[PDB]
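Structural overview for review
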Amino acid sequence: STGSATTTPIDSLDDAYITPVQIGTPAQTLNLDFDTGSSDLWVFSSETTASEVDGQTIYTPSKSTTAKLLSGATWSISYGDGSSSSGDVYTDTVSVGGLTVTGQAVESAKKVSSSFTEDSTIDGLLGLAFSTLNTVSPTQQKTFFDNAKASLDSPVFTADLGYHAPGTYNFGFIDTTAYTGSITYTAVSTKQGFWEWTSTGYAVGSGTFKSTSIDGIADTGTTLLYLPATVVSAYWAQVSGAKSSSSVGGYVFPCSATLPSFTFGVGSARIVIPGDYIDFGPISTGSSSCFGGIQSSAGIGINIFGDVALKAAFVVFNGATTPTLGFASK
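Here, residue numbers run from 1 along each chain following its sequence as written; these need not agree with the numbering used in the entry, and residues that have no coordinates do not appear. Hydrogen atoms and water are omitted, and side-chain values are computed over all heavy atoms in the structure. Residues with missing side-chain atoms are left out of burial classes, side-chain pairs and their counts.

Here's the deal with the overall build of the chain
Convention followed: Every helix listed is a DSSP run of H or I at least four residues long, and every strand listed is a run of E at least two residues long, numbered separately from the N terminus. C-alpha atoms define the radius of gyration in this analysis, and the globule rule sets the expected value at 2.2 Å times the number of residues to the power 0.38.
Assigned secondary structure in the chain consists of four helices and 24 strands. Rg of the C-alpha trace for the chain: 20 Å, near the compact-globule value of 20 Å for 330 residues, within the 12% margin. Taken along the three principal axes of its C-alpha coordinates, the chain extends 60 × 45 × 30 Å.

Here's what the structure looks like:
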């Protein structure tokens, strides 16, 4: 089997991407944030505290003939941005882009933190990291990809995120029309439950490439590119007037600037992030200070190849017995 679904930016900045997912019988379609940095499929629901729902579409298990309470199971998750959610668990039929999993754990939120409530466009998350990070207790549950894997034509999914445009998540096949050149594959460590890999270096603009190993995670659920402070300083030093602002929470730059590109290495290959992808717009409405899309990972404890980086590439998440990642230009 295969599946193919379009993923759409939630706003004009590509702050996140939403993909429609069918849950239950008859189908209830919710727009979920596919997140290769976590491993829980959780939704706003008829169980979510009413004051914490503000415009989201909810899953109502009592209206699904295939829903079943997973008795005794609870979940609770906290994300790197400080947001969180928790609740109980049902199993139900879940379909993405024509690919159907029966018996998928659907984690129903009883509580969500303010950032989730305040984002009316995201109805939940669909985790695509390794199932060892799933938070369901006392019986850990498998991700949608893990459950689908055996049925897929090939044990892979791909992320093809758009810049200010829709893109695609494919399951079970690699669309050879969706990228240019060849795909370069690179080793993955699953020791922390992430799609963790080692970039071979970077360049700023037209500058020379610096060969240096940068361990980090491929994380579709993180907006920005978070890299070591040395690398990030070297980037922003090429932008007149850019500075790190403790009050804003990272590097800002004059909105009048033209940003240089940023290249990262994948083995001997190179992925180029155009400068425009690094512009996250005014820090507040009407400000002439703009927020940068490359930020320091110092204090986060891991480097994160988030959407800013991934959207410049066609990315293969290869879930074979020994997982690997593939990157191609597009």
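A word on the environment of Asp-81
In plain terms, the rule: A simple rule labels every residue: compare its accessible area, found with a 1.4 Å probe on the protein chains alone, to the largest value its type can have, and call it buried under 20%, exposed over 50%, or partly exposed in between. Two N or O atoms form a polar contact when they lie within 3.5 Å of each other; inside protein one atom must be a possible hydrogen donor and the other a possible acceptor, and for residues adjacent in sequence the pair counts only when both atoms belong to side chains.
By the element assignment, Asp-81 lies in the loop between β5 (68–78) and β6 (84–96). Under the relative-accessibility criterion, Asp-81 is labelled exposed at 62%. Separated by 219 residues in sequence, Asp-81 and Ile-300 have C-alpha atoms that sit 9.6 Å apart. A polar contact of 2.7 Å, which involves the side chain of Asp-81, links it to the side chain of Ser-83.

Let's talk about the sheet that holds strand β20 (residues 289–292)
What counts, and what does not: Two strands qualify as a pair provided that DSSP identifies no fewer than 2 bridges between them. Orientation is described by axes fitted as lines to C-alpha atoms, over the contacting stretch for helices, and by angles from 0 to 180 degrees between their N-to-C directions.
Pairing is antiparallel in the open sheet, where four strands are placed in the order β15-β16-β20-β19. A single partner strand is all that each edge strand has here, and the edge strands are β15 (243–245) and β19 (279–282). Across the sheet, the axes of successive neighbouring strands diverge by a mean angle of 40 degrees, strand direction being ignored. Of the strand pairs in this sheet, β19 and β20 are connected by two bridges, and their pairing is antiparallel. Note on β20: the bridge partner recorded for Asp-279 is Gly-292.

So, the side chain of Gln-104
The following threshold applies: Any pair of residues with heavy atoms lying within 4.5 Å of one another is described as a contacting pair.
Relative to the assigned elements, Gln-104 resides in strand β7 (residues 99–112). Here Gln-104 falls in the buried class, since its relative accessible area comes to 1%. Engagement of the side chain of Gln-104 in a polar contact is seen with the side chain of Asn-147, the distance being 2.8 Å. Apart from the residues lying within four places of it in its own chain, the contact partners of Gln-104 are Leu-41, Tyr-90, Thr-91, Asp-92, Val-94, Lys-142, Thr-143, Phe-144 and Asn-147.

Observations regarding the packing of aromatic side chains
Put simply, the rule is: Stacked, tilted and edge-to-face are the three classes applied to pairs of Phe, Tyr and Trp rings, where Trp contributes its six-membered ring and a pair requires centres within 6.5 Å; stacked means planes under 30 degrees apart, edge-to-face means over 60, and tilted covers the rest. A positively charged side chain is recorded as over a ring if its NZ (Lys) or CZ (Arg) lies within 6 Å of the ring centre. The angle to the ring normal must also be within 35 degrees.
What the rule picks out here adds up to 25 aromatic pairs. Taking the centre distance of 5.6 Å and the plane angle of 85 degrees together, the rings of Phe-144 and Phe-171 count as edge-to-face. Remark: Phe-171 occurs in strand β10 (residues 167–171) and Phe-144 occurs in helix α2 (residues 144–148); sequence separation between them is 27 residues. Given the relative accessible area of 1%, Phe-144 is considered buried. By relative accessible area, which is 0% here, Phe-171 ends up buried. Ring-pair connections join several aromatic residues into one group, and the members of that group are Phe-34, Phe-130, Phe-144, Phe-145, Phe-157, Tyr-169, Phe-171, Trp-195 and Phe-317. Above the plane of the ring of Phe-209 lies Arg-270, whose end atom (NZ or CZ) is 3.6 Å from the centre.

Re the UniProt feature "disulfide bond" in the chain
Our working definition: Note on terminology: disulfide denotes any pair of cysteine sulfur atoms within 2.5 Å. UniProt positions are given in the numbering used here, feature names are shortened, and annotations may be inferred rather than shown by experiment.
For the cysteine pair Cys-255 and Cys-290, annotated in UniProt as disulfide-linked, the sulfur atoms lie 2.0 Å apart, within bonding distance in this model. With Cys-255 in the loop between β16 (250–254) and β17 (262–266) and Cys-290 in strand β20, this residue pair connects regions lying 35 residues apart in the sequence.

Overview of the side chain of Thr-36
Within the secondary structure layout, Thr-36 lies in the loop between β3 (28–35) and β4 (41–43). Under the relative-accessibility criterion, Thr-36 is labelled buried at 0%. In this structure the side chain of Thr-36 is engaged in a polar contact, spanning 2.8 Å, whose partner is the backbone oxygen of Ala-218. A distance of 2.9 Å separates the side chain of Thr-36 from the backbone nitrogen of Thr-220, its partner in a polar contact. In this view, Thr-36 contacts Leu-128, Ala-129, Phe-157, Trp-195, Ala-218, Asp-219, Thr-220, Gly-221 and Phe-317; residues no more than four positions away in its chain are not counted.

Comments concerning the domain arrangement of the chain
Interface size is commonly expressed as the accessible surface area that is lost when the partners come together. The condition that has to hold: Annotation comment: domain bounds sourced from an automatic or database domain assignment.
According to the domain assignment, the chain consists of domain 1 (5–174) and domain 2 (175–330). Just the C-alpha atoms count here: the centres of domain 1 and domain 2 sit 25 Å apart. In this assembly, 30 residues from domain 1 lie in contact with 33 residues from domain 2. Going through the elements one at a time, β3, β9 (156–160) and β10 are the ones with two or more residues in the side of domain 1 that touches domain 2.

Examining the state of the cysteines
Taken as a whole and judged by the stated rule, the model has one disulfide. Across a sulfur-sulfur distance of 2.0 Å, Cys-255 and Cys-290 are joined as a disulfide pair. Every disulfide takes its handedness from the sign of the S-S torsion; for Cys-255 and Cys-290 that torsion is 110 degrees, giving right-handed. On the basis of relative accessible area, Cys-255 is assigned to the partly exposed category, the value being 28%.

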